[PDB]
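> I would like the atomic coordinates for the input below:
(2 chains)
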Amino acid sequence: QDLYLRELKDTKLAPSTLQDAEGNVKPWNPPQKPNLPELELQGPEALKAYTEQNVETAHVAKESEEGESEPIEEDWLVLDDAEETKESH
Amino acid sequence: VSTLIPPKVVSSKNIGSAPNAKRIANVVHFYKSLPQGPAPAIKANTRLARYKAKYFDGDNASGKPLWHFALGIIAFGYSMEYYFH
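Numbers count the residues shown, from 1 in each chain, chains lettered A, B, ... in the order given. Structure as follows:
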């Protein structure tokens, strides 16, 4: 019937020059051709963390440290504290 | 950062305070002693030692040595009184 061609041309003309083909906008004044791929390119970027999580910053954290090559000094300190703890046993 | 080491630090730690003090006392008290009744030294005869090993021994030490001494004293005193009185 009339609708069988009218609505198909309606949904094949305006959507054609609305997106996918990505050129011009006939039905309504605001264009989404430069809105969804350009202005909304930073949309999720604004929603998410930018320059930290989107770029996955290669934060090279300081490597795990140690006793800094502590000499026998800490050894006899441990000896002394163990001795004074065990003296009252 | 090393953990404490109780069984590794026992060189300076002793058994309390009193037990280590008495350890030296008790270790040598049982070392140089007779095993069981060694060296009785019962044998002795030097008049005084003859009395020691004959009647003055401490196993009985009853009044019998005293009575014998009194008998000897009175026996000597009888002759002394005969000389004097």
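> got the residues of chain A near chain B?
A:67, A:70, A:74-75, A:78-79, A:81-83, A:85-87, A:89 (C-beta under 8 Å from any C-beta of the partner chain). In short, each C-beta sits where N, CA and C put it, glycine included.
> so how do I select the buried members of those residues in PyMOL?
Restricted to the buried members of these, where burial is judged by 16 or more other C-beta atoms under 10 Å in any protein chain shown, the PyMOL selection command reads as follows:
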select buried, chain A and resi 78+79+82+83+86
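> quick one: which of the residues of chain A next to chain B sit in helices?
A:74-75, A:78-79, A:81-83, A:85-87 (DSSP state H).
> what's the closest non-adjacent residue to the closest residue to chain B within chain A?
Of all residues in chain A, the one sitting closest to chain B is residue A:82 (4.0 Å; C-beta to the nearest C-beta). The shortest distance from residue A:82 to any residue that is not its chain neighbour, by C-beta to C-beta, 6 or more residues apart in numbering or on different chains, is 4.0 Å, and that residue is residue B:9.
> tell me which element residue B:69 falls in.
Counting by DSSP states H and E, the element that carries residue B:69 is helix B:64-84.
> could you count how many residues lie near residue A:39?
Residue crowding around residue A:39 was assessed by other C-beta atoms under 10 Å in any protein chain shown; the count is 10.
> phi, psi of it?
Dihedral angles phi and psi of residue A:39 (degrees, to the nearest 10) take the values phi -70, psi -40.
> residues contacting it?
By C-beta atoms under 8 Å, 6 or more residues apart in numbering or on different chains, the contact set of residue A:39 is empty.
> and what of residue B:78?
Residue B:78 touches nothing, counting by C-beta under 8 Å, 6+ apart.
> near the residue of chain B found nearest chain A, how many other residues are there?
With C-beta to the nearest C-beta as the measure, the residue in chain B that lies nearest chain A is residue B:9; the distance is 4.0 Å. Look at residue B:9: counted by other C-beta under 10 Å, it has 19 neighbours.
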